[PDB]
Amino acid sequence: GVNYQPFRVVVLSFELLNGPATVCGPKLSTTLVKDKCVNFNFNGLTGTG
Amino acid sequence: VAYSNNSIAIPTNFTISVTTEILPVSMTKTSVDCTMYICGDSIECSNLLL
Ligand SMILES: *[C@@H]1O[C@H](CO)[C@@H](O[C@@H]2O[C@H](CO)[C@@H](O)[C@H](O)[C@H]2NC(C)=O)[C@H](O)[C@H]1NC(C)=O
């Protein structure tokens, strides 16, 4: 029966913003803009500054 | 004090004294931007604050 059928389980444990990240989602990088008010996405951190 | 029914003390000299009294008149006037303090310039925030 399905209840007794084998199930493969993978558990992913991770921290996101804190610490340097070598693993990232598939977003293309854009040229850095400075001295202007811009929305920024540094390593998954989003803010306007 | 030495007190007597027939005794009085009268000053034969005087002293001029200057003293300083300090009273606060005003306090700093302050204004607060409610959205800037709570939302921190976040576009997503302030929709809830409406
Ligand atoms: C009242 O007090 C003043 C001083 O507080 C006396 O004036 C002094 O007189 C002496 C001489 O006796 C001087 O050496 C001092 O220099 C004086 N002081 C000042 C500030 O001028 C004054 O003589 C006193 N009056 C009485 C009635 O005794």
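Every chain is numbered from 1, with letters handed out A, B, ... down the list of sequences. Both backbone and side-chain heavy atoms feed into the values below; hydrogens, waters and symmetry mates do not.
Partners of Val23(A) according to the side chain to side chain contact (heavy atoms under 4.5 Å, CB included) rule, which considers only residues two or more places apart in sequence or in another chain, do not exist here. When the ring pair (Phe, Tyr, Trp, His ring centres under 6.0 Å) test is applied to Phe42(A), the partners found at least two apart in sequence or on another chain are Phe40(A). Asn6(B) is linked by a side chain to side chain donor-acceptor pair (under 3.5 Å) to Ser4(B), counting only residues two or more places apart in sequence or in another chain. Contacts of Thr46(A) classified as side chain to side chain donor-acceptor pair (under 3.5 Å), with partners at least two apart in sequence or in another chain: none. Take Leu12(A) and apply the side chain to side chain contact (heavy atoms under 4.5 Å, CB included) test, not counting sequence neighbours, and it matches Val10(A), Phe14(A). Residues satisfying the side chain to side chain donor-acceptor pair (under 3.5 Å) criterion with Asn3(A), sequence neighbours excluded, are absent altogether. Applying the side chain to side chain contact (heavy atoms under 4.5 Å, CB included) rule to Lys36(A) yields the partners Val33(A), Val38(A); only residues at least two apart in sequence or on another chain are considered. Scanning for side chain to side chain contact (heavy atoms under 4.5 Å, CB included) contacts around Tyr4(A) gives an empty result, with sequence neighbours left out.
The list of side-chain hydrogen bond (donor to acceptor under 3.5 Å, both in side chains) pairs with a residue in residues 12-33 of chain A, not counting sequence neighbours, reads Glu15(A)-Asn18(A). Sorted by first then second residue, the side-chain hydrogen bond (donor to acceptor under 3.5 Å, both in side chains) pairs that include residues 35-50 of chain B, not counting sequence neighbours, are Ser42(B)-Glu44(B).
In plain terms, the two heavy atoms of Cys24(A) and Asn43(A) that are nearest each other are SG-OD1, 4.5 Å. Minimum interatomic distance between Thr48(A) and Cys37(A) (heavy atoms only, all atoms of both residues): CG2-SG, 3.6 Å.
By the 4.5 Å side-chain criterion applied to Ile, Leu, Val, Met, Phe, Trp and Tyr, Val2(A) is assigned to a cluster that also includes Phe7(A).
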Return all side-chain donor-acceptor pairs below 3.5 angstrom for residues 13-27 of chain B, not counting sequence neighbours, or 'none' if the list is empty.
none

Item to complete: With side chain to side chain contact (heavy atoms under 4.5 Å, CB included) as the test, would you mind laying out the steps for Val32(B) and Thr30(B) before giving the verdict?
Response: CA-CA 7 Å; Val32(B) 170; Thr30(B) 57; 5.6 Å; no

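To the nearest 0.5 angstrom, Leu49(B) atom CG is 5.0 Å from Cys39(B) atom SG.
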